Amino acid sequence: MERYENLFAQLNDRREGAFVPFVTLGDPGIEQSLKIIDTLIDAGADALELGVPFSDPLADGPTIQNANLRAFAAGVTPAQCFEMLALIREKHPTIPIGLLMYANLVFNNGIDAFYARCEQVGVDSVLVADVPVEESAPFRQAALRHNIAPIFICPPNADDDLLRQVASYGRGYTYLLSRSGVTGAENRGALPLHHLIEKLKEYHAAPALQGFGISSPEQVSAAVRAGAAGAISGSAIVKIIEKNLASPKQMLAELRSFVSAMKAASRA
């Protein structure tokens, strides 16, 4: 499929940026997570980034660490995540779905088999957080064999060689990191380095989504203005889950309000 390509073409036609929430699958349980995801979509999410709970999420700060822990407390496994993903796709045929993976979960049952399962359930992209471009060959090859976009990361400090590799090897979107460090709303990054955004376009990279520390509408607007195709927000969304664990209905209302506001900021 070509779900990101179709999305970005549609958004470009409307001079609009993408807003892309992240949540952990199965946080705080399978049924509530499915409701959360439906709420994100109804509230205007253009695409999703979905984490499979992992024991050792070493690119994540405390907010998302705690989401992984809640999912484990609910007994969530990768197999259950795939069941969730198949159902999400059955409900929502066009929204791009990206996974946030750690390498061991991809390598565990065999790399090729993992990407084959992604294709079967209708995932569009996979970002393996602890595989740098230097180690990426078997992952990107398997992704492409199964019509999955492999997502690569452009750090703010990226040199020309790295920009060329990310441009060549990635598909779907290019992840533009706002800053060093780990995920977290408590730590705001920079405006998309215009120089990086322009070099990526020069090298015909997949459209850029800025992520890390994106918690406010004003940051979404600024990302798009700087030339990114959109913005990803994780911790800010997950914080709403955490705050409202005891109040599942209020949780969905607050998620809807927040996502609506973030998506509004992406519009021309």
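Rigid core (definition): largest C-alpha set, two forms, superposition within 1.5 Å. For every residue, the number given is its place in the sequence shown, counted from 1.
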Farther-lying stretch by C-alpha RMS in 9 other deposited structures of this protein (rigid core fit) among 155-163, 67-75: 155-163
RMS Cα shift after core superposition in 9 other deposited structures of this protein, winner of 212-220 and 41-49: 212-220
Should residue 168 be counted as unmodelled in at least a third of the other PDB entries compared? no
At least a third of other PDB entries omit residue 96: no
Would you mind comparing 146-154 and 181-189 for me and telling me which has the higher average C-alpha temperature factor in the entry? 181-189
Averaging C-alpha B-factors over each stretch, which comes out higher, 197-205 or 59-67? 197-205
Name the one of 164, 91, 140, 171 with the greatest CA B-factor according to the PDB entry. 164
If you compare 226, 231, 45, 52, which has the highest Cα B-factor in the entry? 226
Residue 77 - Cα temperature factor, lowest/middle/highest third of chain: middle
Chain third (lowest, middle, highest) by recorded CA B-factor, residue given as residue 261: middle
For residue 20, the third of its chain into which the C-alpha B factor falls: lowest
Using the B-factors in the PDB entry, rank residue 83's C-alpha atom against the chain and give the third, lowest, middle or highest. middle
Pull the Cα B-factor of residue 130 out of the PDB entry and bin it into the chain's lowest, middle or highest third. lowest
